[PDB]
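A.B. asks: Let me give you the structure first, and then I'll get to my questions.
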There are 2 protein chains.
Amino acid sequence: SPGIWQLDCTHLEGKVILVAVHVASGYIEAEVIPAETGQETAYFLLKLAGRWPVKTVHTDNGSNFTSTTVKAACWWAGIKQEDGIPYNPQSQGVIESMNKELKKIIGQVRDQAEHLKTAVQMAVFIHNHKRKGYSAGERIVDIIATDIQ
Amino acid sequence: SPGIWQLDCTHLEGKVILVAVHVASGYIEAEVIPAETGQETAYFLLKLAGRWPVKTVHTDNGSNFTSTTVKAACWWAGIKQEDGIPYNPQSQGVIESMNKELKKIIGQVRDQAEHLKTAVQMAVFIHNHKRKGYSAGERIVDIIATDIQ
Ligand SMILES: C=CCN(Cc1ccccc1C(=O)NCc1ccco1)Cc1ccc2c(c1C(=O)O)OC[C@H](CCC(=O)O)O2
Ligand SMILES: C=CCN(Cc1ccccc1C(=O)NCc1ccco1)Cc1ccc2c(c1C(=O)O)OC[C@H](CCC(=O)O)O2
Ligand SMILES: [Cl-]
Ligand SMILES: [Cl-]
């Protein structure tokens, strides 16, 4: 549980927003990329795993599951690369709702930045700090620290 | 001190590596940028503060301290922007040794990536996972979780 992440790709403004969600906490990281290539996904995972103890990644689609560049990054960073099949149907709904929430936040901040990438990072900030009462940022640190101890 | 970070800028291959160091743990995040502008620094801080509870940042130089774009990011993200004067002379030596370590790691991985940005992210990974026994990644989570609790 502490090491499980899910990839998620959503679109806005003719660009791609790549998201990684820490499943147990709902904490996220995200980036804007021109398109979702194996190379972009691989680089994103490399960044993520240098920052958090990523044990397992559920890939967002079959192309990223198949990609030898993505597999190479998972090999490099010591990540178990897994599919993203929603054996629990609740997963679909959670990701859908998260994408809707994120796009809402991006709209609320969109005029505070020229570039979409800035707006996305503002949305990451708001999402991770929002008290649901703990925030996702508090939950991920608590979950991981408890695991360490 | 769970919320204190230090900016650090170093150069390699005619490019700039911008680093943020969590002072109490030695955990780092870093990026490769063409040059160290206020906009680049502002965006980097926005990213960092969406990911960790950044209370205070000691800027790496007077230009980033002065920059109204950097001040705007610090205002947006609720970060106290401070100078980076090494009132404790040990700070100087710690950052210099860190830059030397990072450059050493980048050399050890340099042939595993075409692009410097990849090698830098590999170096971040190795640095944060290295047991010195706990790793910097373990220490930052423990420090912050203890603070929350
Ligand atoms: C598929 C070719 C790419 N190479 C293959 C390569 C070339 C030369 C030597 C070793 C390798 C190798 O396979 N290394 C092991 C490995 C793969 C992933 C992690 O470790 C690795 C790579 C991936 C993503 C990137 C990269 C680079 C890079 O070569 O630097 O560059 C930045 C780019 C940014 C995002 C974007 O622009 O899409 O993402
Ligand atoms: C000084 C001009 C910068 N703008 C001013 C602006 C333009 C329009 C509306 C509001 C603002 C405003 O002041 N907003 C509050 C604020 C400032 C910093 C954080 O919040 C904000 C900005 C900064 C860094 C970036 C940006 C952008 C952007 O406009 O999107 O774009 C990506 C870029 C990438 C790194 C690189 O390429 O250097 O870093
Ligand atoms: Cl946070
Ligand atoms: Cl780590």
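Here the Cβ is made from the backbone with ideal geometry for all residues, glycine too, and neighbour counts use every protein chain on show. Any read-out appearing in this document is the output of simple, stated calculations on the displayed coordinates, not a laboratory observation.
A.B. asks: What does chain B give for Rg and for Dmax, in Å, if only its C-alpha atoms count?
C.D. replies: My reading of the Cα-based Rg and Dmax gives 14.9, 44 Å.
A.B. asks: Further question on the same structure: Sorting A:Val19, B:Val94 on the 10 Å Cβ count, fewest up front, what's the list? Intermediate results must be reported in sequence, preceding the final value.
C.D. replies: Working: A:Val19 22, B:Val94 16.
Least crowded to most crowded, the residues run B:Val94, A:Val19.
A.B. asks: Could you work out the mean count of beta carbons from other protein chains within 10 Å of each residue's beta carbon in A:14-21? Don't skip to the end; give the middle numbers.
C.D. replies: Values: counts 0, 0, 0, 0, 0, 0, 0, 0.
The shielding value for this peptide is 0.
A.B. asks: So if we plug the beta-carbon distance of A:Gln90 and A:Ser63 into 1/(1 + (r/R0)^6) with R0 = 25 Å, what FRET efficiency do we get, rounded to 0.05? Can you show the working numbers first?
C.D. replies: Working: r = 24 Å, r/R0 = 0.97.
Efficiency computed from Cβ-Cβ geometry: 0.55.
A.B. asks: Can you compute the FRET efficiency between B:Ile148 and B:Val23 using 1/(1 + (r/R0)^6), with r the Cβ-Cβ distance and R0 = 22 Å? Round to the nearest 0.05. Could the numbers behind the result be given before it?
C.D. replies: Values: r = 18 Å, r/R0 = 0.82.
Between B:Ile148 and B:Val23 the formula returns 0.75.
A.B. asks: Here's a follow-up. For the rotation that brings chain B onto chain A, whose beta-carbon in chain B is nearest the axis, and what is that distance in whole angstrom?
C.D. replies: Spelled out as residue then distance in Å, it is B:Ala145, 2.
A.B. asks: Then there is this: For label points placed 7 Å from Cα toward Cβ, what is the shortest-first list of nm distances from A:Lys104 to its copies?
C.D. replies: 5.0
A.B. asks: Sticking with this structure for a sec: Go ahead and estimate [θ] at 222 nm for chain A from helices alone: -39,500 (n - 2.57) per DSSP H run with n ≥ 4, summed, over the residue count, rounded to 500. Don't skip to the answer; put the middle values down first.
C.D. replies: Working: 6 runs with 76 residues, N = 149.
Helices in chain A give a 222 nm mean residue ellipticity of -16000 deg cm²/dmol.
A.B. asks: What is the projected area of the convex hull of the Cα atoms of the protein assembly as shown, averaged over all directions, in nm²?
C.D. replies: Details: hull surface 61.2 nm².
That works out to 15.3 nm², a quarter of the Cα hull's surface.
A.B. asks: Inter-copy label distances at B:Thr146, 7 Å along the Cα→beta-carbon direction, one decimal in nm, shortest first?
C.D. replies: 2.0
A.B. asks: May I ask you to report, in nm to one decimal and beginning with the shortest, the distances from A:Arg131 to the same position in the other copies, taking label points 7 Å along Cα-to-Cβ?
C.D. replies: Label-point separations across copies, in nm and ascending: 3.9.
A.B. asks: Counting other beta carbons within 10 Å of each Cβ, put A:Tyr87, A:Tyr27 in order, fewest first.
C.D. replies: Details: A:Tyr87 8, A:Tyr27 24.
Ranked by crowding around the Cβ, least crowded first: A:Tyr87, A:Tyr27.
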